[PDB]
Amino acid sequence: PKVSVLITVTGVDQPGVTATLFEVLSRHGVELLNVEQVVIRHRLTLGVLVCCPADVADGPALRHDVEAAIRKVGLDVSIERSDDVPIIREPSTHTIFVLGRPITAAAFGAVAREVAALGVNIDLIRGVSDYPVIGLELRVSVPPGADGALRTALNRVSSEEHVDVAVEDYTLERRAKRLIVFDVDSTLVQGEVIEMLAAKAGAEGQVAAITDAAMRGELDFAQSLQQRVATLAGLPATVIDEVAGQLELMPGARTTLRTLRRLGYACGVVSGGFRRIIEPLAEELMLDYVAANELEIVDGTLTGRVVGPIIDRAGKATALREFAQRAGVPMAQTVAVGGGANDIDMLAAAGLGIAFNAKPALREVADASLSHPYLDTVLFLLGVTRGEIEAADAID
């Protein structure tokens, strides 16, 4: 076959069309170069790019066989020479996630308009979830040196339209994510353990105020840790198990971890909280790595200090790096999820840094932000669909 021909079938989806078309093409000298077919909402698009004998292409017979077969059953078909035509479309450079509850038309309109303004072509759109939130994906092709401007434009859109918008590299390498770390407090676990410990001392007031002050980045994490843990001076150490037994996982956490195990992720937690609370939990969740701070105890009583070294903002990044080196995972294939300014160095070190219901100081430097109280929306950012989760879980 020395000449190329493109055949394009469109119309209301009926069964047997695919087989019929290729059964027809076999009565001509036809060899396949590319086939693309989808049905969206009962609309068939079937594009077939072939090579065929020069004398077959230059003859009405091939045309008449195809047009007869396809038009008969009710669909449309076009046939034309190619030769210059690209055989197989190029990969998308990036992918974009839009999560909302709801996603207004105006919101998605604003996204699609920012995309267009920056010469960014949309290659594919699909739904990735219908619960817990609506999730849409756009695989896009970004002009080189425009993706900074894109994330920026789309962040403005995200704030103004009340949806999450994440732009991610869609390269083979950068999208084989293999390792994830969570912060514990207000990320993997509901609320602040240190405030739960403080309530036992009748100090939740003092400590909640300082914690919000520290997670918004207004305070040095270490001095803030020292001032907060000091309020616990004199509590019996038995208070650690009490609080540990009062911890509720973030909605979607179990689903998030279970799905990450299916995908063969290394899973870890990096916290500024307390090891006696977190290790007992990390064992339960079957995690691969823990790093936390440690409460000082004397005669079964908390002294109000921690036992150095303190895991600070920098320490969190150092622990991610440590975890990644041990697991044999390059930094670009690592994921970090946090909610506080505590986590800023960690997120920026990771391949993908995800801010989860986060303070402004973190959202501003995070690769991606989530504003809904479901930790499994993290999974959508990692290329997983709700359907795929539900399917896999039903196999038990």
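So that there is no doubt, residue numbering starts at 1 and follows the sequence shown.
With 122-130 and 224-232 compared on mean CA B-factor from the PDB entry, the stretch scoring higher is 224-232. Stretches 104-112 and 204-212 differ in mean CA B factor, with 204-212 having the higher one. Highest CA B-factor among 91, 280, 251, 264, as stated in the entry: 280.
Within the listed group 136, 166, 257, 286, the record reports its top CA B-factor for 286. Annotation for residue 342: CA B-factor lies in the highest third of the chain's modelled residues.
In the PDB entry, residue 353 places in the lowest third of its chain by CA B-factor. Ranked by C-alpha B-factor against the other modelled residues of its chain, residue 15 falls in the highest third. Per-chain ranking of the deposited C-alpha B factor places residue 304 in the middle third. Compared with the other modelled residues of the chain, the Cα B-factor recorded for residue 268 ranks in the middle third.
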